[PDB]
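Heads up, the thing below is written out as structure tokens.
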Amino acid sequence: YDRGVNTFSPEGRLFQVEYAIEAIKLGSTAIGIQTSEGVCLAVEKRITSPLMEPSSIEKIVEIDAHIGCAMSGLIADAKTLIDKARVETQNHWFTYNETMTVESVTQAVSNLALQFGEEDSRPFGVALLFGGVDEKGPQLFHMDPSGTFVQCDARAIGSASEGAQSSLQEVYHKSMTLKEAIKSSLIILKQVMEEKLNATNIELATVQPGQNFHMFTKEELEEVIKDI
Amino acid sequence: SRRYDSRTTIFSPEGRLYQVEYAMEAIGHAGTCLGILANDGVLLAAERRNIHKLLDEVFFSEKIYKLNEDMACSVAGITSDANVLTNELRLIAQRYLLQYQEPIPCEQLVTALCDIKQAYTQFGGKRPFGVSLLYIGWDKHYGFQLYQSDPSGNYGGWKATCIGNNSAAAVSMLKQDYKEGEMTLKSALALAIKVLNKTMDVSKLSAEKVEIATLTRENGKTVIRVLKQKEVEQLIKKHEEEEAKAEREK
Amino acid sequence: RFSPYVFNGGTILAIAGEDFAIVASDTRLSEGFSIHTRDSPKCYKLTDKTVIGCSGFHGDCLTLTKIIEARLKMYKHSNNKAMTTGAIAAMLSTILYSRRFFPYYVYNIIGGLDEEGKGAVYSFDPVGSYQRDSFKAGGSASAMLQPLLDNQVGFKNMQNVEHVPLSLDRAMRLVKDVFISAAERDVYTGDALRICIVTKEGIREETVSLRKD
Amino acid sequence: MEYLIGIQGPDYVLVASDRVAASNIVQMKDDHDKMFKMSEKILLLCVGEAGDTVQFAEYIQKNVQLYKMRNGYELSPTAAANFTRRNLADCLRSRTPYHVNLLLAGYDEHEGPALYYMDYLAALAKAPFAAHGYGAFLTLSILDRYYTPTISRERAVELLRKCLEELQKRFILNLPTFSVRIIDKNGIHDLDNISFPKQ
Amino acid sequence: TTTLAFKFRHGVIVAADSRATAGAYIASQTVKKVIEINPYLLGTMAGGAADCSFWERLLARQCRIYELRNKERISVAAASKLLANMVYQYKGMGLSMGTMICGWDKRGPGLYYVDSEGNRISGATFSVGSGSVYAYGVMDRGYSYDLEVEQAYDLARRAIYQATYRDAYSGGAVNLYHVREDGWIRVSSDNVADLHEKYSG
Amino acid sequence: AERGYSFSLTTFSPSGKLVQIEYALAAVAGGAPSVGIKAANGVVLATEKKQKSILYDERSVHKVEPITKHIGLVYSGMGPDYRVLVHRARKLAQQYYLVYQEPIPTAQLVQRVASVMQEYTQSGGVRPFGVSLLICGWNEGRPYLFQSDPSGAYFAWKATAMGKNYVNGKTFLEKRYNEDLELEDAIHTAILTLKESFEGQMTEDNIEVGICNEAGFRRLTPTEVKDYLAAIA
Amino acid sequence: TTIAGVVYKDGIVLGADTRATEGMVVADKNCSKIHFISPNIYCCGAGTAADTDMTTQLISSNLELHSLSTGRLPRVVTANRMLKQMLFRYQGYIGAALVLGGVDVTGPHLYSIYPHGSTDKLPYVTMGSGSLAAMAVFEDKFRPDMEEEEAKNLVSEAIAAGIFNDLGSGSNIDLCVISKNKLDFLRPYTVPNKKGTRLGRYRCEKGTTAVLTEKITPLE
Amino acid sequence: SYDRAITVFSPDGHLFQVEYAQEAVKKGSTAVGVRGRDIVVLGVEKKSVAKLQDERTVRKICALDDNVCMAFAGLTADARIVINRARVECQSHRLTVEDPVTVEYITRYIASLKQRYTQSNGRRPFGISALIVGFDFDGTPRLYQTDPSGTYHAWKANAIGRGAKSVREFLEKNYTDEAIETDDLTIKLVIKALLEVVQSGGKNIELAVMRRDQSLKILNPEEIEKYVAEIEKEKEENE
Amino acid sequence: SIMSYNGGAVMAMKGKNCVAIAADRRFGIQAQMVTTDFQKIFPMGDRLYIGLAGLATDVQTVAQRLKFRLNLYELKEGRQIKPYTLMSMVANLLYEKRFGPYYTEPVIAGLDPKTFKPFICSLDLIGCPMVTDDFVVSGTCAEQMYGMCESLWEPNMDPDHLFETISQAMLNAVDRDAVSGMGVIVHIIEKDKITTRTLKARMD
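What follows is the structure, encoded as structure tokens:
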């Protein structure tokens with residue numbers, strides 16, 4: 008009873024899109040956080056064996072100079088979307104003499120959110142966390158493999174998206190400082206990792222208007238670790 | 002149209018190629034050829050599944066098909082299915098002479114044809130080639146070379162081959178015959194005669210059902226000697242006296 | 001054979017003050033001795049803070065202007081905001097260059113409020129090379145403008161003269177005298193004069209009458 | 001505009017390139033080098049339109065670098081000159097034709113080093129020497145006087161010293177810097193630069 | 001129109017006049033021929049004005065994208081090469097680009113002269129522009145190769161002055177930048193009319 | 002997968018045999034008998050055409066459709082897809098005729114057509130040709146008779162037969178026909194092996210005998226068919 | 001280069017010169033410009049050879065796919081419309097200047113082929129450089145063709161008229177008899193032009209020439 | 002009957018043609034490799050050489066350039082495809098911008114090309130993998146891997162094939178940080194894994210070592226024959 | 002001119018039972034020589050040659066492109082190549098570009114593979130085939146080629162008189178005229194053996 012996977016089943020909706028959501032179960036998770044001072048994001052590389060090199064796999068990439076991003080599920084699936092999105096923001100700075108800020112990147116990816124099809134190809138199951146600083150200050154946006162862009166200030170992906178966000182939605186009250194959310198994320202991080210926290214396990218994504226870029230630095234990644 | 006597609010190109014759940022495993026079952030049947038190392042020359046022999054004597058045999062070389070004046074290839078498989086690859090590689094060998102003016106080496110000649118058979122296996126769902134043919138020739142670098150093609154798109158090239166069904170008793174004997182090269186071109190052909198006489202189904206080493214073509218390295222013509230079946234019978238009876246001489250020991 | 005490019009006349013002078021800008025262009029559209037129409041304002045307002053003039057071939061003037069207005073809604077419906085003053089001249093640079101083989105023949109001068117709330121003038125050429133300038137004069141009457149404008153607004157061709165940037169008023173009649181003097185030897189300029197003043201409160205326009213011969 | 005020396009010997013190959021990139025009158029780049037090294041036994045020489053010499057260097061240089069590690073051996077000068085001809089032959093009739101001047105130099109460990117001639121019309125020939133400039137009239141005097149190609153490895157460099165004195169006679173040009181190379185079974189070797197005093 | 005670029009012990013010195021005129025009519029004295037591509041690179045403008053604007057900006061595409069992917073600064077030799085190939089596709093169509101690629105490289109200071117005809121060359125010194133040779137006589141007589149940074153300033157601007165003195169085409173202001181290991185830094189911009197009494201004595 | 006443009010429908014059986022191509026041989030076996038003989042001076046063809054109703058006149062539809070003036074031919078089994086390759090061979094034989102300037106031999110018709118016929122079987126979405134072609138003619142002074150199959154394999158036979166009971170008529174052509182004989186003697190045994198599976202009635206329209214002379218192919222009218230065979234063989 | 005012919009009751013006779021000149025020196029002294037269209041149709045060549053040769057070969061190849069569709073025997077109306085069809089599709093980039101004729105069931109018909117594709121039906125047509133001399137005989141002397149033979153002489157009278165007048169057509173006369181049942185092609189028909197005898201023996205005996213390098217390559 | 006999907010993929014949480022292609026990876030020929038400050042060593046086994054055929058046709062290691070070495074595990078059919086493919090890729094790279102991009106361009110080429118090779122219709126994913134061998138500029142080593150999903154990753158040790166080849170990478174972790182300070186023991190690790198891996202025949206074992214910027218050459222049975230004798234002696238020194 | 006750019010003259014003369022073909026060895030641009038060892042006539046098949054006069058590119062281009070289609074015909078059918086089959090094989094190649102055609106004066110003179118009967122033909126640059134019953138001459142100056150040979154060639158000429166007649170014909174033409182020179186190669190082939198002799202010419 009599998010018809011074309013694109014054919015709007017008896018329920019009904021796309022098969023492969025419904026399947027690609029389960030493709031997040033086979034890969035690691037992240038935790039987004041947004042604050043008026045800055046946007047901080049955390050992830051876990053899910054190291055299976057010590058043979059894995061930490062800088063080889065990175066779950067946070069910066070699409071535009073002031074615009075960061077986070078991938079989900081597989082790697083090379085986002086890599087086609089990641090690298091091509093860097094061409095987008097650059098041509099926008101060529102025509103308008105200004106880079107895309109936090110918004111025109113979304114609609115650029117939202118237009119291509121689902122390009123897939125059989126005739127006239135396969136949709137990726139990678140969720141994307143769009144960070145950056147626009148004219149409105151630091152902002153963090155989220156999108157799903159289904160293609161519908163909904164604004165999520167602080168969003169978590171992965172198989173932990175259920176549990177990690179449940180306690181995260183309660184702590185996002187505007188009376189919390191950025192420094193309080195930084196140590197609030199590592200509390201959920203040490204619970205979702207089976208291996209003891211080490212320099213190679215996790216990385217951090219922090220972008221601010223004043224401090225940049227940044228991106229992120231080296232040896233400052235290990236300071237938040239020993240504080241666990 | 003997803004149910005009508007039989008997933009030829011796509012693999013089998015067992016890890017094997019589903020279309021290729023059923024393809025090579027035809028290679029184990031049908032065509033029968035052989036190869037061996039020989040000094041200052043190379044020999045090729047094949048037995049026809051058309052060997053029924055009602056044919057005219059006006060084709061001269063049939064299973065022996067000669068792609069170029071300096072190169073021949075012994076084919077095992079469907080004739081016209083191979084004839085698409087013959088003129089193709091013949092043009093690939095000819096387009097090489099065009100931009101170069103120098104004989105095409107055997108190494109890249111096999112890798113060029115194996116990719117043509119591979120292209121239909123990797124995409125398009127097209128019927129892959131069930132033809133496995135040999136290769137002979139000479140170059141100024143590695144000299145004498147032997148090669149084999151596989152339906153999966155791989156070159157089966159070695160210095161020896163077993164194709165495709167019979168020759169069994171001679172196969173293990175070839176490993177005892179593994180002593181590398183000799184000539185006396187008639188001596189290496191004598192070893193090929195005990196292969197055809199002993200391991201044939203009706204035996205008797207029928208002369209009209211088999212054909213032997215030998216390439217002799219010559220500067221710079223590289224003369225290919227195609228036996229007229231008049232000197233095959235004396236070559237057949239040459240080693241039959243040696244085979245009768247070999248049984249004088251015990 | 002058929003000439004796709006021809007010069008329809010007109011002169012554009014836009015002087016940008018400190019916190020605002022002014023755009024001036026004649027409304028006479030004429031080819032040769034005959035006059036198409038006496039009132040044909042060349043000043044086109046894309047937004048409230050930006051007003052662009054058009055000169056030269058008249059067919060490419062309305063075309064290039066309406067294409068930008070079509071590209072305004074493309075950016076306005078994308079980022080939910082209007083194009084910045086620097087983006088309009090930058091996007092036009094990519095538009096004029098893409099046609100480089102068969103380019104429009106147009107003389108455009110953009111002026112108005114930038115993102116800093118100040119006046120800026122962008123000099124344009126058919127190859128699409130622009131820069132931010134204080135004041136520029138286009139059209140065929142610029143031969144008597146830039147030497148006189150630099151003598152007055154630019155404070156050149158003089159000695160011991162302090163630099164005081166102008167704002168409004170007198171720059172008006174500076175466009176009047178150069179056209180009456182040009183109307184003598186050149187019939188491509190005259191009739192009605194449409195001058196636009198771009199300010200933070202809106203756009204103000206005024207009509208100036210000139211000799212008809 | 002300029003001619004690079006074309007000596008082709010039985011065991012060797014000699015080429016001498018001018019290092020002056022100057023145009024018009026004033027000098028721009030004195031240290032420019034037109035000599036390109038294709039393989040260990042083969043060199044590359046190109047003169048013509050600016051962008052044409054850059055990309056024709058590429059297509060000729062890189063295709064031989066590929067055949068090296070493909071079959072495991074270097075291309076022959078015979079098969080290389082024919083390959084370069086097709087790029088020049090297809091350039092004859094093309095959407096955007098291009099212009100070339102100089103020839104190729106190579107070495108072989110069996111039949112010996114061969115010298116072919118590349119032409120903008122793709123016409124090829126096998127010659128021990130060629131003429132890319134007007135300086136051939138002064139070189140053919142000492143050359144055709146003793147034509148015996150038995151001499152020599154280092155004598156060709158000494159013979160080049162006689163040509164260097166005959167390069168400037170009636171002309172208006174200068175060309176003070178001349179770069180020379182030598183080819184043997186061990187590959188291309190570097191040679192000393194030439195300098196002409198003004199006064 | 002007078003442009004000059006040369007490399008020496010410290011970075012690369014770039015100087016060009018700001019006057020752009022059509023025929024005998026004076027248009028704009030504020031035209032800036034020196035184009036900033038990257039903080040570690042410097043472009044120039046010669047011949048067609050927008051041609052040097054477009055292609056150097058289109059070159060910044062592949063240069064910045066290479067900096068986003070590999071996270072490494074692109075070499076000056078690669079930028080000059082990638083620019084020569086893109087313009088070579090449009091060669092013969094009427095485009096003329098006299099730009100001189102400048103910047104800093106991991107190996108050290110470098111200079112590259114690229115033309116619309118497809119010229120790709122390095123070099124010690126390059127000067128391209130409008131009527132020149134009268135300036136070449138006074139320049140090359142007093143111009144040296146390896147000097148300090150302070151001596152390079154007054155010497156490079158000296159060629160622009162003497163040019164504009166006899167040549168009525170070149171003029172306006174002199175834009176002088178100095179490339180270093182950390183990237184270029186703006187030195188000064190002065191009008192030639194004020195620079196008259198400076199180099200005349 | 003991919004388009005739906007008719008990718009190959011032909012797969013390999015567990016033993017490696019062709020699926021739908023071997024089924025085209027059943028149409029050849031379930032077709033009409035056609036025989037041909039290569040002997041001495043030229044090749045002789047004997048086909049079988051019998052009207053299913055008395056209202057059919059054989060003077061209009063001709064079984065023999067010669068490709069060239071010197072090249073005859075016949076077929077067996079199945080018409081609709083037969084005329085496709087016939088006219089295709091008419092266009093294809095021109096390249097050899099225009100470029101090489103020569104009355105193209107039957108061997109080259111075999112190499113070119115069977116290659117396209119094999120490519121036609123490799124292409125899916127279409128049913129393979131159920132037509133077994135007997136290619137004959139005269140070239141280089143020595144004629145030839147070649148037999149193809151739906152799979153494209155080409156053979157060479159002195160005296161060949163196709164259709165119903167083709168293995169029985171092949172043994173008769175192996176015994177009664179041997180070595181080589183004149184075209185007149187070739188027509189004799191060609192009708193005798195055709196009268197094997199033929200009905201009890203043989204007239205000018207029941208059998209048609211084509212012959213390839215050294216001077217080139219000449220199709221005999223039903224007149225000469227009733228004159229030599231009346232009194233068949 | 002001259003081609004001409006006239007039509008009689010039961011058929012047509014065509015003729016052409018054998019001299020083909022390239023430049024001021026005669027290139028091919030013996031040349032046949034009558035080309036095979038089909039068994040009953042023949043056409044006379046002129047102008048550019050390789051252009052009309054590949055044309056008439058592609059035509060005849062198309063006519064081999066055209067007339068053979070229904071079989072029977074090739075009409076000219078089949079080849080007629082194809083010329084104005086195809087030659088106009090190229091808008092006259094090639095050239096022909098040909099004389100088309102044939103004997104159909106409707107009787108014999110003659111045509112004049114032009115490079116632009118326009119073809120007109122006339123009992124007599126003249127093309128080539130000697131078209132002025134071949135027309136003067138056909139024009140004024142025309143007659144309603146009566147019995148066969150007298151028209152066969154009318155062609156030879158017009159063909160020889162262009163040979164002796166126009167210096168472009170030398171060498172040999174050609175005549176081709178085209179009728180329904182009978183088809184005759186006679187070449188060369190007559191040799192009016194002759195070459196003078198040699199003034200002596202200019203043969204150079206051996207021994208007066210030296211050979212730099214000799215080579216002997218025996219064969220099988 | 003036969004009920005299955007292809008691409009993509011299945012609600013059960015795992016893909017079909019991807020992780021199943023990993024079975025066609027692990028079933029590949031046993032091969033190992035290591036990285037070093039100067040000489041990098043590799044290895045290959047399980048070729049099932051009958052001693053009667055030519056070894057150069059079964060060679061599992063090619064070279065795009067003298068700097069970068071190719072090592073793959075899987076069928077040799079798609080090998081020459083990639084060989085023809087990748088060599089032209091590194092050629093066109095050699096063509097313009099003479100100075101090549103370092104290690105991040107080539108490792109993402111085959112990886113991303115294989116990722117889009119699972120993307121468009123009418124493209125069957127490769128069931129083979131590969132591991133890049135060579136040395137980074139300024140004396141650093143370089144090694145990476147190819148994944149059926151197209152994910153490029155760098156390993157400290159190369160362990161694939163059977164469970165016997167995984168011990169070769171286990172012995173490298175026993176050398177800790179310092180070892181080895183001589184290239185003798187680093188080559189001997191392959192001679193020691195020759196007994197452990199496969200059938201221990203001393204034939205299918207083949208290795209090549211690239212010291213710094215020097216182009217490697219295939220080991221001739223002299224050096225590696227001398228280092229095979231010290232491999233058993235060095236294991237006897239631990240007793 | 003276009004054919005006068007590289008110059009060259011191809012003279013093929015048929016004998017009684019044999020056939021001879023000759024071409025000059027001079028290779029140069031306009032009036033400036035380059036090398037005298039360049040080869041113009043190339044061997045094609047067995048006991049068959051082809052003359053080429055024109056741009057040296059189309060000399061090498063056609064001969065290589067002809068070698069392409071040469072074997073492909075012989076590999077499909079083991080029979081030989083025939084002078085008629087190779088004649089139109091060049092004509093189809095020269096006709097590939099109608100308004101762009103290559104500039105050459107191909108002269109194909111070769112023996113019949115079946116019998117010793119020689120055959121001669123010459124084709125135009127556009128692919129127009131032409132045959133003669135005596136000789137085919139293609140070169141820069143047509144006055145010395147047609148003038149001499151018409152008073153020299155005879156219906157029955159043995160290989161002794163055939164080679165010596167064209168010998169002095171090239172001696173008197175080169176020592177007098179300008180364009181051609183710098184050596185002339187002569188290929189005289191018969192059924193029993195192939196003979197190749199190089200005539201002496203002026204070096205200036």
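Chains as they are written, first to last, in the authors' numbering: chain K, 8 to 127, 134 to 241; chain I, 2 to 251; chain S, 1 to 213; chain Q, 1 to 199; chain R, 1 to 201; chain H, 2 to 234; chain O, 1 to 220; chain J, 2 to 240; chain P, 2 to 205.
Cβ atoms here follow ideal geometry from the backbone N, Cα and C, with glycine treated the same way.
Minimum Cβ-Cβ distance from residue i to chain H less than 7 Å
| i | result |
| --- | --- |
| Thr58 (chain P) | no |
For residue i, the nearest candidate out of the options (CA to CA)
| i | options | result |
| --- | --- | --- |
| residue 267 (chain P) | P:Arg70, P:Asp159, P:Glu155 and P:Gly140 | In the structure as shown, chain P starts at 2 and stops at 205, and residue 267 (chain P) therefore has no counterpart that could be examined. |
| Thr106 (chain O) | O:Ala27, O:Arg75 and O:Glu139 | O:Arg75 |
| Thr65 (chain S) | S:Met74, S:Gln159, S:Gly53 and S:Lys73 | S:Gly53 |
| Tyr3 (chain Q) | Q:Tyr147, Q:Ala136, Q:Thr148 and Q:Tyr146 | Q:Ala136 |
is_contact[residue i, chain J] using C-beta, thresh 7 Å
| i | result |
| --- | --- |
| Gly42 (chain I) | no |
Between the CA atoms of residue j and residue i - distance to the nearest angstrom
| i | j | result |
| --- | --- | --- |
| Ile182 (chain Q) | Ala114 (chain Q) | 14 Å |
| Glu120 (chain H) | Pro129 (chain H) | 10 Å |
In chain order, which continuous runs of the beta strand (DSSP E) of length 3 or greater are located wholly inside the stretch 181 to 239 of chain K?
217 to 220
Length-filtered (4 minimum) alpha helix (DSSP H) runs lying within the stretch 129 to 179 of chain H
167 to 176
Where are the alpha helix (DSSP H) runs, 4 residues long or more, that stay fully inside the stretch 20 to 74 of chain R, in chain order?
49 to 69
Give, in chain order, every unbroken run of the alpha helix (DSSP H) that is at least 4 residues long and sits entirely within the stretch 123 to 158 of chain S.
146 to 152
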